[PDB]
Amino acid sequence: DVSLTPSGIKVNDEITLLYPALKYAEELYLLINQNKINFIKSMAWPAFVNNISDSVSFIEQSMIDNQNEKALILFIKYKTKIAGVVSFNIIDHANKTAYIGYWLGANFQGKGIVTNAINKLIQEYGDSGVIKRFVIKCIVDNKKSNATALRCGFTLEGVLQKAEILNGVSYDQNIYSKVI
């Protein structure tokens, strides 16, 4: 499979899902910084990304988790730029289940980048039999994520009551799945 390269997973002619590396720290930090105000609306961690060293720490931990298959953290490269992150936040090996996370900078939204990335990951891990069940969990009112999940052929399984906390407030999540 020539799409599985040493540096990452080639989705199409424009998108590569890069294995994390320290060289990416600067660009990743700057991207997060540019999007901090909007990102804080849907994710908890951006509020605390205050310097490049925070992105270095994230990369270091991500490489450890990737090595040990605890997670699969990938940096989305669109053309020449890092566009965001797509991940298996958690890999449950015993139950062959992967929990998916993602984000894109504002300048990279509306381009199908995450839909294309997810479809590629599900082909690679799902059609190979490594993962049986893929899961997306996001806050109910996350309109754009819901659209992405449905676009990728996920099914809504239910609402997880008061399951995600942002800034001290618990919010309901939709749980979507795609089963091979």
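In this text, residue numbers run from 1 along the sequence as written.
(request) Could you check the entry and say whether 58 to 66 or 22 to 30 has the higher mean CA B-factor? (result) Looking at the recorded C-alpha B-factors, 22 to 30 comes out higher on average.
(request) Using only the Cα atoms and their B-factors as the entry lists them, report which of 150 to 158 and 118 to 126 averages higher. (result) Per the deposited B-factors, the answer is 150 to 158.
(request) Within this chain's modelled residues, let me know which third the CA B factor of residue 94 belongs to: lowest, middle or highest. (result) Residue 94: CA B-factor falls in the highest third of its chain.
(request) Within this chain's modelled residues, let me know which third the CA B factor of residue 179 belongs to: lowest, middle or highest. (result) Middle third, going by the recorded CA B-factors of the chain.
(message) Lowest, middle or highest third: which one holds residue 173 when the chain's residues are ordered by CA B-factor from the entry?
(response) For residue 173, the deposited C-alpha B-factor lands in the lowest third.
(message) Quick check for you: using the entry's CA B-factors within this chain, is residue 132 in the lowest, middle or highest third?
(response) According to the entry, residue 132 has a C-alpha B-factor in the chain's middle third.
(request) Please rank the C-alpha B-factors of the chain's modelled residues and tell me whether residue 40 sits in the lowest, middle or highest third. (result) Highest third - that is where residue 40 ends up once the chain's C-alpha B-factors are sorted.
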